[PDB]
Amino acid sequence: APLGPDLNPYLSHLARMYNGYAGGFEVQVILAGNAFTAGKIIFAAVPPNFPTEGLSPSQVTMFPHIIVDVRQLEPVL
Amino acid sequence: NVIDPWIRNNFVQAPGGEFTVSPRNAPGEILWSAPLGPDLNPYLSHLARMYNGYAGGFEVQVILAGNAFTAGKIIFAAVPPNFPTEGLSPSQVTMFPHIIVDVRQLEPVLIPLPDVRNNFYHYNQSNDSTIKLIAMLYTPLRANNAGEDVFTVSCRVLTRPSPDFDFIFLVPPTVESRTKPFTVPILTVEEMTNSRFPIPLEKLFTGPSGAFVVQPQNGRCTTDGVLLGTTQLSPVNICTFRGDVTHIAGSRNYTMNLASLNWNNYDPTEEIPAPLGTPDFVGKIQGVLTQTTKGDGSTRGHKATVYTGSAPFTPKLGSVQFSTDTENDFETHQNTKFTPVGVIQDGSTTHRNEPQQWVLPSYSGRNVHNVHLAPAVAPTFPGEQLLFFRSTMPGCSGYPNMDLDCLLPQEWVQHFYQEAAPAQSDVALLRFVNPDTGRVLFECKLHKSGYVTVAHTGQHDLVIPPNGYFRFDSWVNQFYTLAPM
Amino acid sequence: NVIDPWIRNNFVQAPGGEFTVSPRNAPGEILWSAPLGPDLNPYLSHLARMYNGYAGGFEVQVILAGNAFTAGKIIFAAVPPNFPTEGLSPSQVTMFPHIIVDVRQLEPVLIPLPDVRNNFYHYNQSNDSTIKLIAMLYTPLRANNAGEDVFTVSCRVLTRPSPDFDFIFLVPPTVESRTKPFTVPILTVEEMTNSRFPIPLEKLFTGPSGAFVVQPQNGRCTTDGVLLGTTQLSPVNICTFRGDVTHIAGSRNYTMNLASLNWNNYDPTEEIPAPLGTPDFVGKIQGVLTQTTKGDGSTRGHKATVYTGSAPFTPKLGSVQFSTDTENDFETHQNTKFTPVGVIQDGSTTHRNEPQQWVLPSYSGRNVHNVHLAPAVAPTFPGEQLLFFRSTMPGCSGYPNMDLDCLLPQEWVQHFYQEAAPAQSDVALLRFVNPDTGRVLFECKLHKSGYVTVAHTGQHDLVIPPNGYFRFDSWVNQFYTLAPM
Amino acid sequence: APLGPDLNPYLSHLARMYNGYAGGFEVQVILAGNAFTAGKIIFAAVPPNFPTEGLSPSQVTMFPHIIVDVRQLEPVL
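What counts as what
- Residues numbered from 1 in each chain as written, not as in the entry; some residues may be left out.
- Chains lettered and ligands numbered in written order.
- Part of a larger assembly, values for the part shown.
- Heavy atoms only, no water.
- Residues with missing side-chain atoms left out of burial classes, pairs and counts.
- Helix = DSSP H or I, 4+ residues; strand = E, 2+ residues; numbered from the N terminus.
- Rg over C-alpha atoms; globule rule 2.2 N^0.38 Å.
- Contact = heavy atoms within 4.5 Å.
- Nonpolar A, V, L, I, M, F, W, Y, C, P; charged D, E, K, R; others polar.
- Pairing = 2+ DSSP bridges.
- Axes fitted to C-alpha atoms, helices over the stretch in contact; angles between N-to-C directions.
- Patch = residues over 30% accessible without salt bridge, like charges linked within 9 Å, V, L, I, M, F, W, Y side chains within 5 Å.
- Areas by Shrake-Rupley, 256 points an atom, 1.4 Å probe, with all protein chains shown as cover.
- Salt bridge = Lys/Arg side-chain N within 4 Å of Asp/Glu carboxyl O.
- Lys, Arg positive; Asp, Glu negative; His and termini not counted.
- Charge placed at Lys NZ, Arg CZ, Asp CG, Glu CD.
- Core = buried A, V, L, I, M, F, W, Y, C linked by side-chain atoms within 4.5 Å.
- Buried < 20%, exposed > 50% of the residue type's maximum accessible area, 1.4 Å probe, protein only.

Deposited coordinates in this entry are attributed by the record to cryo-EM, at a stated resolution of 4.1 Å.

Within the PDB entry, the label attached to chain A reads Major capsid protein, and the organism entered is Norovirus Hu/GII.4/Minerva/2006/USA. This structure appears in the PDB under the title "Symmetric reconstruction of human norovirus GII.4 Minerva strain VLP in T=4 symmetry".

Chain B is annotated in the PDB entry as Major capsid protein of Norovirus Hu/GII.4/Minerva/2006/USA.

Time to look at the overall build of chain A. Scanning chain A for helices and strands turns up one helix and two strands. Listed by position from the N terminus, the elements making up chain A come as α-β-β. A compact globule built from 77 residues would reach a C-alpha radius of gyration of about 11 Å, whereas chain A, at 16 Å, exceeds it by more than 25%. Taken along the three principal axes of its C-alpha coordinates, chain A extends 50 × 30 × 20 Å. Expressed as a percentage of contacts within chain A between residues at least 6 apart in sequence, the contacts between residues at least 24 apart total 59%.

Before going further, it helps to examine the interface of chain B and chain C. With 40 residues of chain B at the contact, the number on the chain C side is 49 residues. Contributions of two or more residues to the side of chain B that touches chain C are made by α2 (42-46), β11 (284-292) and β12 (299-303) of chain B. Per element, the largest residue contribution to the side of chain B that touches chain C is five residues, and it comes from β12 of chain B. Looking at the side of chain B that touches chain C residue by residue, the class counts come to 20 nonpolar, 14 polar and six charged.

Residues and elements named next belong to chain C. With antiparallel pairing, the three strands of this open sheet are ordered in space as β6-β5-β8. Across the chains shown, the open sheet's two edge strands, defined by having one partner strand only, are β6 (98-102) and β8 (134-137). Mean inter-strand twist for the sheet, computed between neighbouring axes without regard to direction, equals 25 degrees. As paired strands, strand β5 (residues 73-77) and β8 are joined by four bridges and run antiparallel to one another. Within β8, the residue paired with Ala77 across the bridge is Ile134.

All names here are of chain B. Bridge count between strand β3 (residues 73-76) and strand β4 (residues 99-102): four bridges; the pairing is antiparallel. Bridging across to β4, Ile74 finds its partner in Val101. Looking at chain direction, β3 and strand β6 (residues 136-137) are connected through two bridges and run antiparallel. Each bridged residue has a counterpart across the sheet, and for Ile75 the counterpart in β6 is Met136.

A cluster of like negative charges, contributed by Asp325 and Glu327 of chain B together with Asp325 and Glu327 of chain C, occupies part of the molecular surface. Turning to its location among the elements, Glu327 of chain C is positioned in the loop between β17 (322-324) and β18 (335-343).

Buried together is how nonpolar side chains tend to be arranged in soluble globular proteins. Counting residues in each nonpolar core, the largest one holds 47 residues, and the members touching the most others are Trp32, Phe76 and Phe167 of chain B together with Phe167 of chain C. Taken together, the elements giving at least two residues each to this core come down to α2, β2 (60-64), β3 and β7 (155-159) of chain B together with α1 (5-9) and α2 (42-50) of chain C. Looking at which element gives the most residues to this core, the answer is α2 of chain C, with five residues. Once residues within four sequence positions are removed from consideration, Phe167 of chain B is found in contact with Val2, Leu44, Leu47, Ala48, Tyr51, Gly53 and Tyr54 of chain B.

Right, let's talk about the environment of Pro35 of chain B for a bit. All names here are of chain B. Mapped onto the fold, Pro35 is located in the loop between β1 (12-18) and α2. Its relative accessible area of 57% is what places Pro35 among the exposed residues. Sequence spacing of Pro35 and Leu408 is 373 residues, and the spatial spacing of their C-alpha atoms is 48 Å. Dropping the residues within four chain positions of it, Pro35 is found in contact with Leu40, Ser129 and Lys132.

Below, the discussion takes up the environment of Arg431 of chain B. All names here are of chain B. Tracing the sequence through the fold places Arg431 in strand β17 (residues 427-434). Given the relative accessible area of 22%, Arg431 is considered partly exposed. In this structure, the C-alpha to C-alpha distance between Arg431 and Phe472, residues 41 residues apart in sequence, is 5.7 Å. Apart from residues lying up to four places away in sequence, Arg431 is in contact with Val440, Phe442, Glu443, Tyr469, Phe470, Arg471, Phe472 and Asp473.

This part takes up the environment of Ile464 of chain B. Position of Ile464 of chain B among the secondary structure elements: in the loop between β20 (460-461) and β21 (469-476). Spatially, the C-alpha atom of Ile464 of chain B lies 45 Å from that of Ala34 of chain B, the residues being 430 residues apart in sequence.

Residues and elements named next belong to chain B. All told, the structure shown has 21 salt bridges over all chains when counted by the stated rule. With a shortest N-O distance of 3.9 Å, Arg196 and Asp280 are connected by a salt bridge. Linking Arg196 in the loop between β7 and β8 (203-207) with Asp280 in the loop between β10 (254-258) and β11, this pair joins segments that are 84 residues apart in sequence. A single network of salt bridges, built from pairs that share partners, joins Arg390, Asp403, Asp405 and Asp461.

It is worth spelling out helix α3 (residues 410-419) of chain B at this point. Residues and elements named next belong to chain B. For α3, every residue scored as buried is listed here: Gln410, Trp412, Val413, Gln414, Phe416 and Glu419. On its buried side, α3 packs onto β17. One or two residues past the end of α3 sits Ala420, with phi positive at roughly 55 degrees.

Of the consecutive residues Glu354 of chain B and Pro355 of chain B, the connecting peptide bond is found in the cis state with omega at 5 degrees. Looking at where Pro355 of chain B falls in the secondary structure, it is placed in the loop between β14 (335-343) and β15 (385-392). At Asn124 of chain C, a residue that is not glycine, the phi angle is positive and equals roughly 70 degrees. Examined against the element boundaries, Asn124 of chain C turns out to sit in the loop between β7 (109-111) and β8.

Turning to the side chain of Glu354 of chain C, a few remarks are in order. All names here are of chain C. Secondary-structure assignment places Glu354 in the loop between β18 and β19 (385-392). One buried charged residue, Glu354, forms no salt bridge at all, with the nearest opposite charge on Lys284 at 4.7 Å. Other than its neighbours up to four places away in sequence, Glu354 contacts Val282, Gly283, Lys284, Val343, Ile344, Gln345, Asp346, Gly347, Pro400 and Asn401.

As structure tokens, this is what we get:
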């Protein structure tokens, strides 16, 4: 998905009031966790020009990234 | 650290970096330039695509055909690509980074090429390219030899990568699938055959769509190979008959319950106006009816006279009458086969009338209209004229409408069925090139619908060389107008 | 030394594998075939397109995904480089170094291969064929459950080179293209037409080469398009004649002042056996002679009986006799044309005799034989049988020798004329493929002169699916034989 | 040709810009071609209304002028 302030619909309907914005924003993810399941997941950071179609599960690790498994009972950012 | 050191330590020439220098050229003028980039070493080209991100400069150098008898200086420099130099000076380039040398030198010399980089990396394709090349002369090099070519000094520019160079990113790129290049058949029309009658064509014709109500069913196909109309593939199946006759003793006729090419009986429930390859125009044609008894080979053969406009001729129903020159020769329900040779002008009356090439026959008799008819044609871009294929038909009696204009060559139909090439844009551009001239004599406008036209006025049987092939060139839009012939 | 670390460190996919296994199976079954090499990895196929020298090995690596409770096993193995693997035994697979693998292992599996090397190099711009790939089903993997064919078990290949593997030599890339890739028409026998008579083909035939003198002159061309024999381009131009008949006023005969396809007056001095479209056999045939007066078109047409075994049949000299049914109708010095329809049997009292399809007629007469002979055919790697094209010609009188065998398909000749392809080795490999199943009924052995044989014995009209087409594969040497039928 | 500030495109622009005009120039000529010809060229002054089509070179010798051969490498003024 395109990272931007177009994610929170409240931020959408309060974006139009102001023409200039700055600063980042942090997001997180939750999972349907299960102690019987074993499988890891990987999220990362990528500039938008960089075309990824079928490259690897490996070569994204040079970027900023984070790895977690499918069993987790907390949100992770 | 991802390069074999041969590439790192061996200068390579340019793909085109060669330029003549004569004393006859004026000083302070340009000689040669090139976009500076990693698109210079062809090895760097074919190892650029593997990596999406690169950085760092690279140094190049130049060699000269040196000579101790010649005196003339040269100047190379550094220039941002926006900076337009057409005729400025031999002087004002000196504010930049530059280097000067004379034409007598027995070593390669390298231009300085300053690092404007701030450790930033482009993408691999980045064409907004900096530090573009330079070829400037300084003194016009009298050369003191007084020949016809007074030391015409040649030279090459010579490139390699820098030490600090890399290929950061990674990708599996590809050019995986090439579309078919829309290859056109390279016969001539005299070599090519009529698609609405089993004859070879004789010439092509140019004429307007308003003259004749142009809507045939034989010779109708797409550009990717979808079968349309009654157009089939085997050109001998055009206007011929196969089936099982039924007969009456009194007249010269046999109503023939039709069959396919392999004599499987015709079924009237296909999405068709008529069987494939039927004559799609009203006429009276005399060929030869030929019957073999299907047991061991009791044959017979006589000429016949068929009537494509009449009512017992019902191809969509599956019965056809042939008024032969005999009456009861052809036996019952055998392999009876009509094959046309020539059109006749029966029962006197008016000359040059039959066949009525632009009207549709009695497919289902007089009752049921022809369903799933291929569309008619007209120049949607106005002023143009359709490209007919003109021949004369044979005959046994009279002066019939022998002037036959078909739409397509049959070999092109099966060839484009073999092509299976989807069109990229609407209208293709084909050029009739004569290789005896090595050039075009006339071009044409070909749509992806499956008909071709040209923007020239009047009735023209185009004079053609018998050796001229056809050369497809390019893809025009819907509104190209052709130049006159 | 020459290569990147990362591409050697970890495994990377292969595009040919990735394939799935449904639980409905029959064991001892081959699933997927592939040739091993550096063209497996797209990375390595690029890098080997770049270079020349090629030495080391790989590690083939396989991951499975699907069900677990199946209890069914898979085999990956080595193979001889030319080895039929269709319905064979799994014990043969047990002779080679192989690995049995069940779906219960989570770790991705690796099959080791024979380990050799030839340290000078391996070509890498050739066939250079080596151990191909074996995807072999051990245990039919039933997946006992309530579902039907559920959890389709996928099988991927994801490799990386062996740590000894490396390159040595580098070339300019020259990535562009091959020659003509020897494309074939995809027609059937009903769509293809006879190259010795204007009729559609009926069936292909195989039979012994010692039966007849197998040397025609219509249907002769090269694999790159030089005109051989009396073979021409158009299928309707065969066996028909054009010119200016002269009144044999006492009989039905007509000696014709010879004209070409374009009615150009015939030159008897050309380096040819006979004019184009001229027959290459002895037989009696009734077709129809047709004449149109050049002034206005006073048309006439009557059935003519021709004899290429006759004395006034002299096509190389410039005269040919036509015994019509009428005697004085056809005017002299007019555009007179004979067209045949089918061979007859007036005969010498012998049934099924004409055309004597293998003998040669009187081109320059009986006195001096034909010149510039396209030679006969022969199975050079013997024990194999030729390829005939069995057809049936019609008739008008008697019981003719209807079994007509021609040499090439006429569409394929002009197809090669468009190709103009230079050969790569001795014998090409074409496969008759039934696309209803995507499987081959029989293969072929096409020789670079322009003929083709098959490795079988006996008189067989080859049964074919009428949806079946032909698909070119590769270049085989002149010492490999095919499987019989 | 007529001499003036419209000779140099630089100066023709700059004199289109301005009004007042005073001083002179230095006309400077370079040759390029053969050397073994032994043939000479004259550049001269002229009356401002003077027919010059088929006239005498002695008239050209009356005005301040310069004879120049092709053998000089230095550009002539």
